[PDB]
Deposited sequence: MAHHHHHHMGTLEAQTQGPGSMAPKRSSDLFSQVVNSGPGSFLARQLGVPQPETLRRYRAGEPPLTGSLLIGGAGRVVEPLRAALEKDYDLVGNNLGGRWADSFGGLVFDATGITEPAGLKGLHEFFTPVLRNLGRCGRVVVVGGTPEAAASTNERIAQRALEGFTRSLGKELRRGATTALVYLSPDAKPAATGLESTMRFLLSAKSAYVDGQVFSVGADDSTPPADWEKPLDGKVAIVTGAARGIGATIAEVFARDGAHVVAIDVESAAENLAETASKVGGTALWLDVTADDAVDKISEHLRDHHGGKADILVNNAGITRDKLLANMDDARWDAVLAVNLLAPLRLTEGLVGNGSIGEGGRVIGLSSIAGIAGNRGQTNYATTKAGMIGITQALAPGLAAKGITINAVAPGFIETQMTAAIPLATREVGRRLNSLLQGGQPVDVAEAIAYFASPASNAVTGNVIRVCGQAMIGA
């Protein structure tokens, strides 16, 4: 079982290499068909490039059967780098506990199916607010991202779409036309590729990196048709400096901020010095927070704004030698979750991307566990003293590597 060469985005190419089957029952199927009919080859009863299942109509666990009924007969016809998407209803917003449970259970389904798919095929779960209007226009960008070569390395993940309508870009292939985007860490690596992708999608990019990036940063700004700003994002004056650059080049405004700049100072916590802790917190956590609040606070980024942070799987799973780094990346999730409410009021979205690997004894305790260990956790919940503990889900796994 070798890796498939992942189909990636190329301009002008069809978004899927095969047909799109949209099934299921609920409030998404009709508009999603309506919305995708022209750009995608919709089929119903070649290979399937995408299978999309509306699970939003499943309102009790009993109805989970629909998943099986839809997928089993079609999975054998899924194409190279095919896309499986289940769309569900935000569980927390369900009309009933029955519906919440069924809609929550979907994620086990999609993550499991992800591990069954072949030839570079992926799964995604997308939840949509029950307050979305029937046209479900707020969902379209997610679906088109998923149902394209663009999402090539996004697999088994969960997306959450709110209630709001969306207007499409003039051109889905030039979706950031006209937009001004700041990308930190842009001289090289993922930063530089973000810049490029942004420029490719029509955005004007302000490429930020540290002064020592030198010509690398100028190469990036040159390549993407944008501007270079040399800057330490940790500096007190960083927001003023970027604010000035924006006044100079972009009428005092950016649309998009990507906090991509980050450093590692790996060291076990037992051997960690102040420098390696502080530097990593400064760049990875404090600077992005300060840039976001500075640039939103002084009106640089207003209504329609986008902030995207680089989190990390280390931030999610922890990593050895990376208590500093992982703290910052978990921090980045925290920024994302913490500011989302405030920024929404301002018409600004904040999201994070957590890259993984980008070019038994499987647990911290290095052993299988015993039944008593599971029992003990259950007895802890059972205790009359544990009345303040509810709604918890605790793995008894010796910190198994495996997870979401």
Counting from residue 1 of the deposited sequence, where are the gaps with no C-alpha coordinates? 1-49, 95-101, 416-430
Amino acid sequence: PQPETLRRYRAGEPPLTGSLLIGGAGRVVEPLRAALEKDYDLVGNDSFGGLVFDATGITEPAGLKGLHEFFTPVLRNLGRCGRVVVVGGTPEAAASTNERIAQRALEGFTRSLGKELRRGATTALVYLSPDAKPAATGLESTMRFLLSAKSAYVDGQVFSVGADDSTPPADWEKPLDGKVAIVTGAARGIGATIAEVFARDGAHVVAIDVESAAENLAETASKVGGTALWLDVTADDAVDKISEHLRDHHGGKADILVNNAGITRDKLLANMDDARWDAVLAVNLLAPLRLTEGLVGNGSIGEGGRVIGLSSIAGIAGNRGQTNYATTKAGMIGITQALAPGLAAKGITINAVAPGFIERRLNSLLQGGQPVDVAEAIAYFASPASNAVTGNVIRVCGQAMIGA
From here on, numbers count along this sequence of modelled residues.
Averaging the C-alpha temperature factors as deposited, the higher value of 164-172 versus 128-136 falls on 164-172
Mean CA temperature factor from the deposited coordinates, higher in 180-188 or in 108-116? 180-188
Based on what the PDB entry reports, which of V353, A35, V52, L339 has the top C-alpha B-factor? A35
Highest CA temperature factor in the entry: which of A385, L16, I394, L21? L16
Please rank the C-alpha B-factors of the chain's modelled residues and tell me whether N98 sits in the lowest, middle or highest third. lowest
Using only modelled residues of the chain, where does the Cα B factor of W277 rank: lowest third, middle third or highest third? highest
Consider only the C-alpha atoms of the modelled residues in this chain, order them by B-factor as the entry records it, and name the third containing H250: lowest, middle or highest. highest
Lowest, middle or highest third: where is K241 by C-alpha B factor in its chain? highest
Going by what the PDB entry lists, where does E359 fall on CA B-factor within its chain: lowest, middle or highest third? highest
